[PDB]
Every structure is written in C-alpha cells, then in structure tokens.
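Shown below, as structure tokens, is a lone chain in the form deposited in one PDB entry; questions about how it binds or moves come after it.
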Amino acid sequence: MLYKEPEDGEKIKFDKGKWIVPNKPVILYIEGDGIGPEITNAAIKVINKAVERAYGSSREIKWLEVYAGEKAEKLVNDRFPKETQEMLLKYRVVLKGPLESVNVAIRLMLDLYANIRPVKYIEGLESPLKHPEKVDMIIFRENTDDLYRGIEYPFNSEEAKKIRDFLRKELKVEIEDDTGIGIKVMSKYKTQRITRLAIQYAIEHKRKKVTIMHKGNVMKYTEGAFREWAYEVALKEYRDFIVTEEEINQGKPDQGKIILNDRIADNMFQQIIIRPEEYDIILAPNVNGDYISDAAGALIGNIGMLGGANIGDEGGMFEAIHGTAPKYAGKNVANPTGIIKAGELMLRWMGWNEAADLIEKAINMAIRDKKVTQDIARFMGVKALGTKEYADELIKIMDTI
C-alpha cells in the first residue's frame, strides 16, 4: 500500500454539517509543488506547537501525508493517485500546499461548495490603506452556482442560434445575431446551503453580523432571489439567533443576536475601500464573492499571507492564497504565513479556537517585531528570516503566550 494510516487516530465525523472532532483527529496534508514542501512542513510544525501549547497532550493531530501533483507524478507516475483519492474520501479533511486540476477534483469529490476567505488586519504589515486596523471580515462565497456553471455558447454557434430563435418565438425576446450567450443560474437549495453554513459559523465563533452581497435591484430573479432565499432560511431556521436590520431600526432588540442585513454589490465595492470595518461576515453568490474576495484581500499587504478553504457538509480543504512560486522552491525563502493561516482557519472549523488564536497572536507579534521572511523584510529594511527560521520564531513565541 502507498499509505500507512495512523493506528492511533480517528477520522473527524459530521452529523449535520457540524464537525465532530476526536481528540486525536487524522488530518491529511499534501505538500504541494514548488515551495509547497517547505511551507507546509513549517505549517505542520507551527500547528503542532499551537495544539500542544493550548491543549497539552490531551489533543494531537495525527497527520497523514498523501501525494498529489509533481511529487505524485515522480513517485507513481500519476498526479492524483487512486489511493490518495481513497484517503480523501475517507478522512475528508486536508491541508494542502500550492499545486500547479487537482484542486477542482478535490472540491468535486468532497462537494466543498463553500469558498471561505478570511481577511483580517495584521499589525506591522504595510497596507495600501491609511487605516486597515479594523479590517476583520470573512467572505462566504457560494462556489458551485452562478455563471461559473459554464453554460455559455459562442455567438456564431448553432447552439446560440437555437437559443435566440427560442427566445424570440417562445418568449418574445428581441436579441441580435452577433451575440455571445451565457445562462446565469441561481439555485434556491444552493443559496440555502451556503446561508446555513454562514449563520452556523457566526453562532459558533461569536461573529456579530452577516451581510448579503447582491445586485438584486437589477438582477431581480437571480441575485435578488439569492437575497430573498437567504433571509427566508435565516428567519425560518435561525429565528431566535438572528435579527434583521429591518428589525433593529424598527424596534426589535439586537442584544446578544447576530445582525442579518444586505447591501447592493456596487455599494460594497465602494465601502470595502472607504470603510471596510462595516463588514463582518459577507454572504455572496459565486461571481460577486469572487470579485469581493480580490478587493478585500488587497486591503491588507501581501495577499500571499492569507489562507482560505473550501467547505462541504462533511469535509474541508485548506490552502494558502498563492501559487507554487517555483523560483524560490527549496531555497528556504518562501513566506509560510499563508499556509499557516489556512491551518489557523482549519483549527477554527475544528472548534479548536484556542490553538488558532495562539497562531494568530504569534504571527502578529512576529511581524510587529520585524521577525519576517524576505517578501516583507525587503520593505521594512531589516534582515529576513528563512522559512524554517521564521516558523521556529513563531514557535518560540507561542511558548511564551
């Protein structure tokens, strides 16, 4: 067999979207290509330290490396070996480094319909913004619906012609012939799924607000429906947990309750820059979430220091928001912060917030203390630490907090 499973660990379980994590959970990891090996092993070491510091020996992640990408191609001549897939379907939780699609395959096989993008100010880090201090949001992007379904046809195709003829005769819709055509689809079920995940996360992590991003004023039956369905499932399934903005400024009490409001897409691309502190959890459809994530991440410096995840009803894949950077591979120079942040997010989803908070804290202290990798040092005029050395600094710091 290609893998030796830890006989000391147990798979993480799920009952209805909720992660039931054993004290010795088996968690998979994929090194990744290029800088993958260096940053991922660094992440694992940092994570193990946070878990031991926070919980002592009462908890311990039983890591199981699986192969994918170049490493897999060189070892067994298959970039996504059958055994790797089997371990994924079995343990369903993986921390994976950058890969040169394997990412799409993992998301599809584990049905990780939600893309999670936390973006929080990191003290010490330069920002294009004069006041990034209060940036603390998390984007919940539905990642299987919308125009990204790929239902589209070229302007000069027979398919497009059939659509145009159909729209004209059956719907009396006027459309010229020199037109490319895409079908935007918005599912009630898909909208409810992501909405539930967002509210449940708010409850579990003491988040105070969820904002629905939409262009419902013009895209009435797709994004406007998204908004409607989101409020609908929130009020029907999380009644005594949430309070709508239409209730606050109406009389209802929001004391100890999560505020559920909504904003027009165009306004959000504006406010994220002018006053990003207004947002906590952002709930949005596929396309909007894609664009708002890019803007939000730019609010802080170096997007390569952010982590993210794709979550499903029974599984999750956590990764850094950056590429393989083949130029620095094996040079012990890459910044492991991003993949470490993916680990922090993973810790939070597992309910191990104490270990996650220790990592967040150690990073803030390391960066404020100018103990950073080259990508940052080059700007704060100081000697850079290597990948391994930087990870070790985070470790010694956690040992004192």
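From 1 onward, residues are counted along the sequence shown.
The form deposited with a small molecule bound is left out here; the points below concern that form.
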Out of 368-376, 22-30, 61-69, 354-362, where are the residues with a heavy atom within 4.5 Å of the small molecule in the entry with it bound? 368-376
Within 4.5 Å, heavy atoms only: does residue 40 come near the small molecule in the entry with it bound? no
Taking any heavy atom pair closer than or equal to 4.5 Å as contact, tell me whether residue 289 reaches the small molecule in the entry with it bound. no
With the partner left out here, check for me: in the entry with it bound, does some heavy atom of residue 103 sit within 4.5 Å of the small molecule? yes
Look up in the entry with it bound whether residue 325 has a non-hydrogen atom within 4.5 angstroms of the small molecule, and give yes or no. yes
